[PDB]
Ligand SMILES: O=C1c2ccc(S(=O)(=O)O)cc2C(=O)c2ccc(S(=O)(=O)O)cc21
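A single chain comes next, written as structure tokens; it is the form solved without the named molecule.
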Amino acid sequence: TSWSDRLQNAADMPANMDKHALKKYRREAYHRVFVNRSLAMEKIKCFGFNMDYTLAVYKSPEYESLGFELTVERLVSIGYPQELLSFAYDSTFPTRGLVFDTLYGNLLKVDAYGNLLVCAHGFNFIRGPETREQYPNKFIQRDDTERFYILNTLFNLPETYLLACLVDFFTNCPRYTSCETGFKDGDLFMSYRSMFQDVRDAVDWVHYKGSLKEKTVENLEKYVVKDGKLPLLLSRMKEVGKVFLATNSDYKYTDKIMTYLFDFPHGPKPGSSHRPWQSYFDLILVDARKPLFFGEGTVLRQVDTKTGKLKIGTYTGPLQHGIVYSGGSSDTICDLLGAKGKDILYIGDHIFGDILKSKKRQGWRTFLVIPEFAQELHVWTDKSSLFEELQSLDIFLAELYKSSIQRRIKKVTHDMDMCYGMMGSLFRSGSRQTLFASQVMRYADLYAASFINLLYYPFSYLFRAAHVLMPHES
């Protein structure tokens, strides 16, 4: 049972729009919308979406394996050794949000301050004392974007496992000698940095040049979660305001995906005429080039929706029914929709290019979609006694200042983490929070395992957060 299974199970249930069942449905955790900063729903005039992993949620682990397999074949096709074809994607290993260190070839899990929580070389997990030889402060400067790459996305999931697979292979293949910053193969030296780049490159290639999008569109039921509730919600959003799409993907892909997502013998409610996905949107924009989209942007173009190709030149006309946009900026959306930032709830999955940047750069309200969260919640409520026991040992160890406690703490931590996978929870490693966690609280006003949980709150709802107080203020 993966996280995408949990979502598709909730996707298969019709929507019960009784005002009481709604209140009762969103009492269970898996249908709640969690609040990091207070949000008056009546002040939202525009609802924004990205597509990939928001409207279209890719079924795990089928889609990650397909991304892995395609990437492995691309590397082999440029001269990586054949053994890579013996690799197989293992969803139990990678947790989203790790930091790969191109200098020493380590996958690292870190907190909001760049403190090392977990270090693994290949599939070898390094313990506290042994990491200090390369990380003498148990600390990394995340700002050093030349050395450290953060695997923020679910697209990064297959490369996350791959980078481990690769380090482990070369470490243990006798044709290579291991060195501190890479592998020596007689007279070729492959640094972890160039090995990293090759992977990064081959992932890019399978999305933009290879067959990933092709093989996806030929089996959408296998790879894409469908939910008849999705047209319902969007329809209701259009009743109280405006709805727009701003995806990085291209209109041909966006047309294929969006058509499938709306492929039902009915419209928003069962029994209504079916409507084309574009009619649920007031403004459609593709090739968004996020995060550059929230700054200067790119040139605003117009799609020829028959040919799928862009019209030549810069588009200077107004927002029309039917028109589809390419490029532009976040200001394009504000100007054409007559909106201000805090009028806009922008629903997305990218913690950086969607959520952080629209908040910092524009003042947009944010809703963060976390696919895995559907499985993350399950593990949490089942294992809450372990975390409660952990909270207990911390408090007791704090009283002790008036030694076997510290070793029991590291043990219940280890056991709790493993329930989430080899790399542990998305949001923490024991009692210590992650960089990812920290970002979700700081930048995502609302968050959930799917934005469909918004169907279950009335449109007048005041999401409430607790006010933050400084130490001296309590």
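Start at 1 and count along the sequence shown; that's the residue number.
Another form, the form solved in complex with the named molecule, is not on view; read the next lines as being about it.
S.K.: When the named molecule is placed as it is in the entry with it bound, are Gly105, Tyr135 and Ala164 each within 4.5 Å of it, taking any non-hydrogen atom of the residue?
M.R.: Not a single residue of the candidate spot has a heavy atom within 4.5 Å of the named molecule in the entry with it bound.
S.K.: Name the stretch: of 319 to 327, 305 to 313, 284 to 292, 77 to 85, exactly one has residues whose heavy atoms fall within 4.5 Å of the named molecule in the entry with it bound.
M.R.: Stretch with heavy atoms near the partner: 284 to 292.
S.K.: Do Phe352 and the named molecule share at least one heavy atom pair within 4.5 Å in the entry with it bound?
M.R.: Within the cut-off, so yes.
S.K.: Is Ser60 close to the named molecule in the entry with it bound, meaning a heavy atom pair under 4.5 Å apart or at it?
M.R.: Close contact is absent here: in the entry with it bound, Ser60 is far from the named molecule, nothing within 4.5 Å, heavy atoms only.
S.K.: Given that the named molecule is not shown alongside this chain, does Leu435 nevertheless sit within 4.5 Å of it in the entry with it bound, heavy atom to heavy atom?
M.R.: So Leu435 counts as contacting the named molecule.
S.K.: With the cut-off set at 4.5 Å between non-hydrogen atoms, does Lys342 touch the named molecule in the entry with it bound?
M.R.: No - in the entry with it bound, heavy atoms of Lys342 and the named molecule never come within 4.5 Å of each other.
S.K.: Which listed residue (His274, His378, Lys252, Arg142) meets the criterion of a heavy atom within 4.5 Å of the named molecule in the entry with it bound?
M.R.: Filtering the options by heavy-atom distance leaves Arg142.
S.K.: Select from the listed residues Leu232, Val243, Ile150, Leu300 the one whose heavy atoms reach within 4.5 Å of the named molecule in the entry with it bound.
M.R.: Of the listed residues, the single hit is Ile150.
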